[PDB]
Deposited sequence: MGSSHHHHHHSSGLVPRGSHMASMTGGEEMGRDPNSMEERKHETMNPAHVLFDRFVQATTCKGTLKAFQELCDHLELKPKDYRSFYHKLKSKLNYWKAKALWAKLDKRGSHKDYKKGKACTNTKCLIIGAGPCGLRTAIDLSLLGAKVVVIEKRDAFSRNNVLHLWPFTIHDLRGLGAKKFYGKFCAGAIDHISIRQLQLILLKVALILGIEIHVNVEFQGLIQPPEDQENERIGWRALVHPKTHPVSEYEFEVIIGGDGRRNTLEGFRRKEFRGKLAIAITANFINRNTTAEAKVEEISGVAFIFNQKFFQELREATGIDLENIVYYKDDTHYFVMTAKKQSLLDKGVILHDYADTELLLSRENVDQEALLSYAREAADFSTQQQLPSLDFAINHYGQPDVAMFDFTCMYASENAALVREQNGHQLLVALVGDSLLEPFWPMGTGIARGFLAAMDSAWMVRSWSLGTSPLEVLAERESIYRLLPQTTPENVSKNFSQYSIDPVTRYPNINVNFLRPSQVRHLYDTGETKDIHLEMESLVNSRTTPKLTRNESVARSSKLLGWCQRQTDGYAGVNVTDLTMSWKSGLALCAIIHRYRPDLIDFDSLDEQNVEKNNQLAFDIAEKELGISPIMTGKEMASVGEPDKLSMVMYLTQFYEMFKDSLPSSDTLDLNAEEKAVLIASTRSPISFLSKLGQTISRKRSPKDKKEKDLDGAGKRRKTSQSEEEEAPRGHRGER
């Protein structure tokens, strides 16, 4: 069965682009429209009768049947935008999908490239298994493995997300919010490129899952400055031989082995406070190295006053850095690994990297609400943008996923009509615990974990803060859409300037430009003479009729002499181009 082959190719895809393409090919073959999100998942599992697929349906159905989701109707009418397809953005997206919301994720990259390896708490392993992780990554947490690379976690969550009808757009950089206009269009996003279909999306919830670079306004950062702290990560090719399998992991609770560090410093000049080894798709090491040792070995060329000069690509000898990392890895595993060949990163270089942990950040607040021109927008942070992890402690995914579930619960309460201040008060009451969570003070009964915070935080007081304590987090300060669409799509075209839906169309160049924007094979826009008003109009009209099936409302000569085109007719005509092409860039 060809649909089975397409499903297999989707499941087995090894890149973000390859996953998106296999999924689109599966949907086309099955004649399914993911953008009709309220029915997509049910139609897909009805149409695809494949034993492999049915195994996955049972897991997702079981997850979605929890009473917290209200059978998928708690958020049926809520539109959410997620910034970032990292693990925490995608995990949030997935729970928002199970509540019935429409969800769109925009991601500025188009590849999952990070090889570094993430520690997983037991509850997260159980969460991921329950989402079908093993059907996308057969080796997932095999035996006593409790880690996974960043990019493999991204691939699993991407696949789950696509199955549920979540929309994922790569090569889209979020730049800002666009307030609603006056007098009905809601909140929108400024994205690059602004011609992207997602510029049409109006949403009531936006989630910042874009790590440190996140620049949603209204989230003041708390700074935690400590002693100079430098971490080095490294990945080596893992050929899964028997020699390689025998080498024992180094857990990262193991450093509390200080004699080893003294021996290592005296034998090699490498002075570490901690080193971690995970045996995963790569042999992954992370270590924290003292500044003086890195100068002594030539990794850092000059000792600058403070760090961002100290750790600049100009002040760091890459070959010495590679040597230092390999040497530390080899000694820490006692030269039992046959070979230490660097895996190759995004840029085609050996995969070593250095990071500054001297200052870490966390948002004062997880959420806020914006209201303008009658439209309310729930804004919240999740993941590294909310609370930065110190990798050796293994809290990144655990607290990202707690906050993902907390955010889902917040959006559930929003959609059910809870007043904004009570939504915020509850969210902030939950958020106050996040930097105290450990595998032992968080709930133990994984089989009953749900987005309901009571299932995850024993004895939580969700009314710790009063609504009056979060007043400062509520901030009060012609199809116009069609017009805005034509403006963005025609921007940059010589001779065109769309300021209305009548006068700006008499020359014919604007519509020729709309056609060229989406079907450059049908028209040479550059060859056109702006003075040939009748010829250019009629060319646009004929192409649209013959190639696009849009019936003309007038002739070129009628347009060339009209004075002002009827606007009801202009709008009926232009809207057909809008509907044909708006989702289609």
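Sequence ranges 1-45, 229-232, 306, 528-555, 664-736 have no coordinates in this entry (deposited sequence, numbered from 1, C-alpha basis).
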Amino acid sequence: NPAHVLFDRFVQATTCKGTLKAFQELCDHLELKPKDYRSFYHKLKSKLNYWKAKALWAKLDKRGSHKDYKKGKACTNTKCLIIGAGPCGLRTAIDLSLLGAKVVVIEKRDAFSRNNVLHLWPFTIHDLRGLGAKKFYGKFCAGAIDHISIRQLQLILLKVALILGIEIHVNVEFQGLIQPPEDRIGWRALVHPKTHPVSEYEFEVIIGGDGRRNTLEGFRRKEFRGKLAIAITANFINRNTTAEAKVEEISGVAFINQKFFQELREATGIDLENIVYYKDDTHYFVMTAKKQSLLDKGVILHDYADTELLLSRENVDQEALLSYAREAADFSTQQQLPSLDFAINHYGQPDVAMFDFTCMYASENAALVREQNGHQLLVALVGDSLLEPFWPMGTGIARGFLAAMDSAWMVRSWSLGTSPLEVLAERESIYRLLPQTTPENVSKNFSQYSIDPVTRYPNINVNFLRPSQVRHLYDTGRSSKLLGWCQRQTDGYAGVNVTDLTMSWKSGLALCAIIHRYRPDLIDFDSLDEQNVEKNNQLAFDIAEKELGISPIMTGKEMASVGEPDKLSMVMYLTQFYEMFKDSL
From here on, numbers count along this sequence of modelled residues.
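For the two regions 408-416 and 297-305, the entry's Cα B-factors average higher over 297-305. Legend: mean Cα B-factor per stretch from the PDB entry, 460-468 versus 261-269; the higher mean is in 261-269.
Sorting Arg427, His169, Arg188, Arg478 by the CA temperature factor given in the entry leaves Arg478 at the top. In this structure the maximum Cα B-factor among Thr124, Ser113, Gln448, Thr92 is found at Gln448. Among the modelled residues of its chain, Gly549 has a C-alpha B-factor that falls in the lowest third according to the deposited record. Ranked against the other modelled residues of its chain, the C-alpha B-factor of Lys70 as given in the entry falls in the highest third. The deposited CA B-factor of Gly132 belongs to the middle third of values across its chain. Among all modelled residues in its chain, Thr19 ranks in the lowest third by Cα B-factor. Annotation for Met559: CA B-factor lies in the highest third of the chain's modelled residues.
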